[PDB]
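A.B. asks: dropping in the first section of the assembly, placed as in the complex:
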Amino acid sequence: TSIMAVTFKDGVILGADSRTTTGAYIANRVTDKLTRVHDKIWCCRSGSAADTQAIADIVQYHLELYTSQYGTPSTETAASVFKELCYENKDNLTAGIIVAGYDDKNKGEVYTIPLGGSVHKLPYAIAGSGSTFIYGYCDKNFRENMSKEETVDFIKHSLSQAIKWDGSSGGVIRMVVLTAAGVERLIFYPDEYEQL
Amino acid sequence: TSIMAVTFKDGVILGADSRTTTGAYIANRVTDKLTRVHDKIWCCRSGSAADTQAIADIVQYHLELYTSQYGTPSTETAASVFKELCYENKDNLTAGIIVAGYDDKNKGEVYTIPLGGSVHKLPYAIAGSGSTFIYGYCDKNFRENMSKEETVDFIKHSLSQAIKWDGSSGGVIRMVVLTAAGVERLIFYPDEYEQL
Amino acid sequence: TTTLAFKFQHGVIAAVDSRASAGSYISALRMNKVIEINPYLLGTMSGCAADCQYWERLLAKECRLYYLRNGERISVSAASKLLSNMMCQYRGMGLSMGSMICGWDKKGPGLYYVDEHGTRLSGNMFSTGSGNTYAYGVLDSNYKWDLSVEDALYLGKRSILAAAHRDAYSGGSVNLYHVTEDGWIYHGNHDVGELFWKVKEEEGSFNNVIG
Amino acid sequence: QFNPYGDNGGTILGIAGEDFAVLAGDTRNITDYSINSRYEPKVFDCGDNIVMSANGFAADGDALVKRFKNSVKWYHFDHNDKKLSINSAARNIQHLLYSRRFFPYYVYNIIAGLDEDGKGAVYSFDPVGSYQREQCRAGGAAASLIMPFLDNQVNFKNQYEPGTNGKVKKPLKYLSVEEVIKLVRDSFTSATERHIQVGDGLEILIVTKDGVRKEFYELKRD
Amino acid sequence: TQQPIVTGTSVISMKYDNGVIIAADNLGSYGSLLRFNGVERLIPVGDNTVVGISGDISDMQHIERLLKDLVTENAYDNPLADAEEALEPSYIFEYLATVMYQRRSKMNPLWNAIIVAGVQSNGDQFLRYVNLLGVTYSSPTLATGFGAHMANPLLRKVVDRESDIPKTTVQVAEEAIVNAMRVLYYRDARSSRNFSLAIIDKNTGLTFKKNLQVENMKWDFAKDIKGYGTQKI
Amino acid sequence: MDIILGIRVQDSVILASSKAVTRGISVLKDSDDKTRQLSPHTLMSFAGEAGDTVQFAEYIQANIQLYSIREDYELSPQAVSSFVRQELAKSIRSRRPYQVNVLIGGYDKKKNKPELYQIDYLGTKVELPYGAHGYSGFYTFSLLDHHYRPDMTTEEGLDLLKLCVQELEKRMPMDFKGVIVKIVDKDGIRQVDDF
């Protein structure tokens, strides 16, 4: 898996590959790893698909109930619900989740929640097996307050390299753009990103 | 460990960090991982320091004896001696070696010899625990027939990122330039490469 | 440890050593491996010292409550069974306790062997611990029902000595008890070092040992 | 896998006099080959003229002492400020230890004080609750080094009276507090030489009818 | 029972004449990966206590929240919450030590090593250590992990025993701490150059220094070192 | 414990059970009676893990005695054996099963027939003319297969039983210290004091 979330001037963009493996067999080559827990709060999932689906479903339930009572929740609040689940059930879970969301007050925010259940707020985050191969690239090429088009290129180039070197990553590159304008889904096929 | 060898217009440059660890303790922070097996045939060592030192010493002996009888050996010949040792003793060795050398006929050549004892001739090679973090960066930034100054910057930037993310890598960046002009040793300290 | 106890014409003898070990290290030279539950009830101890002390002192609580409720001393049979039932609760939990419940009741003198498995055996003679085999050798060849109190006390004393000598994990001293229908009678602490040399000379035994 | 136990080293020593008692322990706290503290008190005045030391795994030792101190406090509340006798404290501690028969307090405990006849008393425990009153006891890391010395110098074992040649033993004459403290200091100085976990400092608590008194002595810090 | 995932390395500290100093680097390691570079592992509790934590970061964040809630709870129905009945270093420590020992007794520990540094109401210096086993000890110098092996020897050259504390100034103590942090950066493979330092003084109060860097490093001699034995070039 | 044998003849059931009890390397007792009377015409012998055997037997005994008092009526050997089997089948899937094998020898006063039931610790019940547990059957069943008739007298049953014990005493490496023999018939239960 290769997943990342990047903040930029107008908000935040989540990115992911689409490969799901059972050993060396590709069980699904068009997976959607970008999952919605609220209107403008999305997460990227890594680790056990069963665990991360079960968590994201519970989180979506909590934020739906939160909204009914207290109005639109913050991205920090969503990350706290993820954390609480990932931390208290760390012995029985294998989940590496990146949470990304857009407020009008706080704008684009990114939280990463690795295996232990710790939370880390960041300008951008990378995770999954393929992330190891792009730590150097992403660190060198990331800038704060990039444009939408710059941020899309950054994620596309980054995940392109992750896919190139990681066998557990591949397929299409899916992206979700979170801004005041709304929610935009993007997709990029191999013939586009492989020639970068 | 973070090691790499890069061919360029005038020849080849070997690069390495200087950190040697025993678990989390840094046993040596000024290690010289760039080792000479012949006048203009050098290698970068990764894995068991005992194994790689023992191998490089045996190889140096073979190439000294080769030279006495048949004249200056090729870089391919040096890589073959490494391979023969690494392959036939693969059950009792943990050695990941990059071989780099300069001929006037063949110019700069780079061979990598990973764990199994296979040989791979490449334009450039990266190895060691810290190499994982710069696969994306090195792939994106490498060009053939670079200048000496470009190649030095490429290695410096690459190993800077490897050191930044890999705890097993660090210290100074050592480099060895192999050209027709001769053999030039370079060194770059933390205050220089950390701010890149 | 080595412990023994046997019934005879004039009641029951109970003899134990006093050594305690923690590996090859002798942690104690003089430990009491007999518990005075009541004036007519004794309990020997072999195995884990903590288990032996806790459960037999808890047995004494339960035997005391029996007397208060019924206005009558508990039998040796009933006391031994209460203990064996305690062992059966912590069945397989890792307790190590080998004990002989000695006493005098209406049926006369009583002797029961009880271990951590919940085993409960009635008999005229028992010996427990690492050195029980050495004690049995002397007991079996010299035991009679027609023993005098003096000779019976010596037999239990000499049988422990045999074990203390050969068994590395038995020794220190010998504690003697004699149970009668008027209660138990303590017949003192006997250092094995001194007792050995004394028995060697008087009896002529242990010829192989030089002194 | 998580190991809930540890070894903080240290060594303790209890000696009972005719009308006094001492409980000594080194002040060094360690893990593996590192020193945590050169002065970490290990012997405590628990009240009612009783002193206590739980040697082995410090966390379990601190928990036990803390619980016993608590037990003394509640003994006063429940029984009209009655003084807890040393024999009653010993029995109470047995039940504190055995409450954990299947997840033991990993400590060798010693208490010292005076019995109800005013004589010196020392009680010794094992991790699971077996106890006994003794005249002399060393516990902990260097216990095997020290105990034989005390058998020889306190109970005069293997010592006979000259001229008789093994026929008459050395008579068991009582020891003064000054003589005992010498044996305590020499015991710990010897243990410090040959045991790596023993050193830094020695703290002695002396119990008499007048109360509890402390004495501190430096030990080698290597 | 668990295993630590994202970890923080050494926390070092020492007493000086008027207070205590505590320091810890800003790194959150993920095995050999130096994953997170902006992690604060010194957590102030009021203006008289700083809790320094090493080990598992998720458990650290949990403890950080317990302490934040402890301050909240202490203020409840407490007119003297910012005065006589304010939280003391000894209260905060004993609370943590209680929690750590309870968790290890349930075989579900908080995988941490904690040093509580502070100054009490009466001006006394407080410095005590507690870890995942519930083991507690106090000393003029305290350090966790690698700091125990490398920092303590250096800090004990300044304050070797209790009587050296009144002779040690804040400048000397801070200098010793900063030197120790440099040594750890040379020799601890799971350390970072960036660190935080906190001073709790009985007169000047709590001084919290962020974004400190290890400086004045010696590397030049590396140029002369060649090969691993016989190599000259 | 080790050897328990059973044989059903014309008008009675005979149970033979070893006398030895061993702890560690020492034989503690050579006169142990490995049996309990469940009712006047029903006897149960037992063998298995130390402690469990007696506890199980006495628990069964108490339950059958309770039934007898409640109904003022003796349960048939078949009914008792089924009750025992269910308890063992219940036990095998418990947290800590009772490791006990039993033989139930009874005389059914209604049908005027002796009955022998063999039940192992799993709750495996079988009605047999002769039975054994553990290794006992390996040595003895060939003799029983050869010599057994259903019209045998009690005396002939005892003689065939002696031959089985003699074979055990010859070919077993194990000294089981002889056997206590008990006979169950219309008149109740009695022990053969000389064997």
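C.D. replies: That came in fine, so what should we check first? Numbers count the residues shown, from 1 in each chain, chains lettered A, B, ... in the order given.
A.B. asks: flag every buried residue along the helix or strand where residue F:139 lies.
C.D. replies: Assigned by DSSP states H and E, residue F:139 belongs to helix F:136-147. Neighbour-count burial for helix F:136-147 flags F:136-137, F:139-140, F:143-144 (criterion: 16 or more other C-beta atoms under 10 Å in any protein chain shown). For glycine as for every other residue, the C-beta is placed from the backbone atoms N, C-alpha and C.
A.B. asks: same question for stretch E:85-100.
C.D. replies: E:86-93, E:96-97, E:99-100.
A.B. asks: so which of those residues would you say is closest to residue E:14?
C.D. replies: residue E:89 (15.0 Å; C-beta to C-beta).
A.B. asks: I figured that closest one was touching residue E:122, is that so?
C.D. replies: No. The pair residue E:89 / residue E:122 is not scored as a contact, 11.5 Å apart, by C-beta atoms under 8 Å.
A.B. asks: about what we covered before: and the two most separated of the buried residues of stretch E:85-100?
C.D. replies: E:86 and E:100, at 23.1 Å, using C-beta to C-beta across the buried residues of stretch E:85-100.
A.B. asks: separation between the residue sitting furthest away from the middle of chain D and residue A:19?
C.D. replies: The outermost residue of chain D relative to its centre, with distances by C-alpha atoms, centre = their mean, is residue D:163 at 37.1 Å. Separation of residue D:163 from residue A:19 (C-beta to C-beta, to the nearest Å): 96 Å.
A.B. asks: before we move on, what about residue F:25?
C.D. replies: Distance from residue F:25 to residue A:19, by C-beta to C-beta: 65 Å.
A.B. asks: swap in residue F:171?
C.D. replies: As for residue F:171, its distance to residue A:19 is 69 Å (criterion: C-beta to C-beta).
A.B. asks: those two - which one has more neighbours?
C.D. replies: Using other C-beta atoms under 10 Å in any protein chain shown as the criterion, residue F:171 and residue A:19 rank with residue A:19 on top: 24 against 10.
A.B. asks: if I read this right, that one contacts residue A:33, doesn't it?
C.D. replies: No. Counting by C-beta under 8 Å, residue A:19 does not reach residue A:33; the two are 9.1 Å apart.
A.B. asks: list residues touching both of the two?
C.D. replies: residue A:1 (C-beta atoms under 8 Å, 6 or more residues apart in numbering or on different chains).
A.B. asks: what's next to the one helix or strand residue C:200 maps to, contact-wise?
C.D. replies: Using DSSP H and E, residue C:200 falls within helix C:192-203. Residues outside helix C:192-203 that contact it (C-beta under 8 Å, 6+ apart): C:17, C:157-158, C:160-161, C:164-165, C:171-174, C:205-206, C:209, C:211.
A.B. asks: include chain G too:
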Amino acid sequence: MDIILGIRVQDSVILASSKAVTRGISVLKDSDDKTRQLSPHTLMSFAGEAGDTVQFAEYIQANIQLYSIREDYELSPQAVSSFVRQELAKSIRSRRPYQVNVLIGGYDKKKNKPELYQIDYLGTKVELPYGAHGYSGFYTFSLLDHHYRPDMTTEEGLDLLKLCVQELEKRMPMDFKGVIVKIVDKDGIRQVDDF
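C.D. replies: Following on from the chains above, chain G is added here:
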């Protein structure tokens, strides 16, 4: 195999060795002689792992017999015991050690003295007035410690030996099928045919 005993009296050495041989759960033989005559005045009994015992004993026997023929002279019991010990000490660090414990009973014709040597499979030699291997000593040494004198007659030695066997037969869980007793004295080696 299991039990081998030895006792040195005034003018002779007496060796008692069990007769049982067991394969699996069956006693194959109850008359096995666990001994070999090494020389006219030297007898060696043995006990240990199956097969190794006889192979080792016969190998020793062949070597001592070879020595006797070569020199036309009988080696002293002490010399034989040392030779045997060295072979076992040599064996314990081999690829597959010989798992054999032995007692060597001999009468030294030069010194006119009986001699008993106990040697275990590690090559641990001790000269003793009485000895045993395995668990045998646990039951018998207390009796021997009590009753043994160095001036005992051969008949008194046999009576004390009977008492040892009786204790073994009472307290061992193991049926070893009695013992073959042999006496070694100045006149050579003879077997006690009634024991």
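A.B. asks: what about the contacts of helix C:192-203 again, now that chain G is present?
C.D. replies: Contacts of helix C:192-203 (C-beta under 8 Å, 6+ apart): C:17, C:157-158, C:160-161, C:164-165, C:171-174, C:205-206, C:209, C:211, G:146.
A.B. asks: in strands, which of these fall?
C.D. replies: Among these, the members found in strands (DSSP state E) are C:173-174.
A.B. asks: now list the buried members of the contacts of helix C:192-203.
C.D. replies: Using 16+ other C-beta under 10 Å, the buried members of the contacts of helix C:192-203 are C:17, C:157-158, C:160-161, C:164-165, C:171-174, C:205-206, G:146.
A.B. asks: quick check, nearest of these to chain E?
C.D. replies: residue C:172 (36.3 Å; C-beta to the nearest C-beta).
A.B. asks: pull out the buried positions in the helix holding residue C:200.
C.D. replies: C:192, C:195-196, C:199-200.
A.B. asks: what does stretch C:115-127 give?
C.D. replies: So for stretch C:115-127, counting by 16+ other C-beta under 10 Å, buried means C:115-123, C:125-127.
A.B. asks: quick one: is it near chain G?
C.D. replies: No. Applying C-beta under 8 Å from any C-beta of the partner chain, one finds stretch C:115-127 separated from chain G by no less than 9.7 Å.
A.B. asks: checking the residue farthest from the centre of chain D next. Helix, strand or coil?
C.D. replies: Using DSSP: H, G, I helix; E, B strand; the rest coil, the secondary structure recorded for residue D:163 is coil.
A.B. asks: what is the burial count for residue E:232?
C.D. replies: 6.
A.B. asks: need the contact list for residue E:127.
C.D. replies: E:13-15, E:20, E:115-117, E:138-140, E:142.
A.B. asks: how about a markdown table for the buried ones among the contacts of helix C:192-203, with distance to chain B added?
C.D. replies: As requested, the buried ones among the contacts of helix C:192-203 are exported to a markdown table (distance: C-beta to the nearest C-beta, whole Å):
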| residue | distance to chain B |
| --- | --- |
| C:17 | 50 |
| C:157 | 61 |
| C:158 | 61 |
| C:160 | 55 |
| C:161 | 57 |
| C:164 | 51 |
| C:165 | 53 |
| C:171 | 48 |
| C:172 | 48 |
| C:173 | 53 |
| C:174 | 56 |
| C:205 | 62 |
| C:206 | 59 |
| G:146 | 62 |
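A.B. asks: save the residues you listed as CSV, and put in distance to residue C:187 too.
C.D. replies: CSV is the format used below for these (distance: C-beta to C-beta, whole Å):
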residue, distance to residue C:187
C:17, 15
C:157, 8
C:158, 13
C:160, 12
C:161, 14
C:164, 17
C:165, 20
C:171, 19
C:172, 17
C:173, 12
C:174, 9
C:205, 21
C:206, 23
G:146, 21
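A.B. asks: let's put chain H on the structure above:
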Amino acid sequence: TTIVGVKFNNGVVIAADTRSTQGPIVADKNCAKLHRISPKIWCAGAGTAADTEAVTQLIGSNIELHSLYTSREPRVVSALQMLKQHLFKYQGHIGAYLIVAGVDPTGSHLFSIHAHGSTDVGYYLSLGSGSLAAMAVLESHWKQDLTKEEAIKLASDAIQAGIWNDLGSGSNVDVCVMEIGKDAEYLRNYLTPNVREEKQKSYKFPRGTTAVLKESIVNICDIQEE
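C.D. replies: Below, chain H sits with the chains from the block before:
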């Protein structure tokens, strides 16, 4: 153990503590860990004590024979090469961890050596259980262009750090200084900061205290004449 090696202006110095341990027990309070390979080549060993000795005596023997064969003074690189090839051959089973230092016609040298056969070069090194305590001192106080007196001070300070802070190290400090153009000076017990204090009591017994059974003269002399 704690052992160090420090280079200086005109040579090299090595130092060691003097404690040897059988687990938590101190077997020898004044052990000699500074071994001689050749007159001006000294090594210091940590790990399995018998291995450090045996391997040092073996290489020292072969070095002496080599020196005789070549009519030359032995070089540190020769000892280094012979040691590592020997240790490598036994794949870490010979638990010898050494700091090798010396002076020869080529100059002054300082190497470390691990049990598996890996070698390192340095201006300052430390090995053993107290290596971290010693290295903390070396990293704090070492500098380029040290004098002989500064290097001995630094070396012994590094050993002291191990003595006081490492339980595996203790007692005294041994030093050996190898300077170019000079005889090597072995300073046995250079520091003695752990002398046992006077005991409070004398435990000398009265003659006749011990019980005796038999007395006999032991013949240690050979068979006599006449």
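A.B. asks: so, the neighbour count of residue E:232 revisited with chain H in the model?
C.D. replies: Using other C-beta under 10 Å, residue E:232 has 7 neighbouring residues.
A.B. asks: touching, it and residue E:226? I think so.
C.D. replies: Yes. Counting by C-beta under 8 Å, residue E:232 does reach residue E:226; the two are 6.6 Å apart.
A.B. asks: okay, and the beta partners of residue 176?
C.D. replies: Going with chain A. residue A:14, residue A:185 (DSSP bridges).
A.B. asks: ah, I was thinking of chain H
C.D. replies: Assigned bridge partners for residue H:176, using DSSP bridges, are residue H:14, residue H:186.
A.B. asks: okay, now it: neighbour count?
C.D. replies: Residue H:176: 26 neighbours (other C-beta under 10 Å).
A.B. asks: how much space between it and residue E:24?
C.D. replies: Per C-beta to C-beta, residue H:176 is found 40 Å from residue E:24.
A.B. asks: list the contacts of the helix holding residue F:139.
C.D. replies: F:2-5, F:7, F:130-132, F:160, F:163-164, F:167-168, F:171-172, G:25.
A.B. asks: looking at these, which are in helices?
C.D. replies: In helices, judged by DSSP state H, the following of the contacts of helix F:136-147 are found: F:160, F:163-164, F:167-168, F:171.
A.B. asks: now the residues you listed: which count as buried?
C.D. replies: Buried among the ones in helices among the contacts of helix F:136-147 (16+ other C-beta under 10 Å): F:160, F:164, F:168, F:171.
A.B. asks: and the gap between the closest residue to chain C within chain H and chain F?
C.D. replies: Closest residue of chain H to chain C, C-beta to the nearest C-beta: residue H:213 (6.5 Å). Residue H:213 sits 35 Å away from chain F, taking C-beta to the nearest C-beta, to the nearest Å as the criterion.
A.B. asks: up against chain D, what does chain E have?
C.D. replies: E:1-2, E:101, E:104-105, E:107, E:109, E:129, E:133-139, E:148-149, E:152, E:161-162.
A.B. asks: swap in 6 Å and give it another go.
C.D. replies: E:1, E:101, E:104, E:133-135, E:137, E:139, E:148 (C-beta under 6 Å from any C-beta of the partner chain).
A.B. asks: out of the contacts of helix F:136-147, which one sits closest to chain D?
C.D. replies: Using C-beta to the nearest C-beta, the contacts of helix F:136-147 come closest to chain D at residue F:2, 32.5 Å.
A.B. asks: ok, for the most centrally placed residue in chain A, nearest residue in space, not its chain neighbours?
C.D. replies: By C-alpha atoms, centre = their mean, the mean C-alpha position of chain A lies nearest to residue A:44, the distance being 2.8 Å. With C-beta to C-beta, 6 or more residues apart in numbering or on different chains as the criterion, residue A:44 has its nearest non-adjacent residue at 3.7 Å, and that residue is residue A:3.
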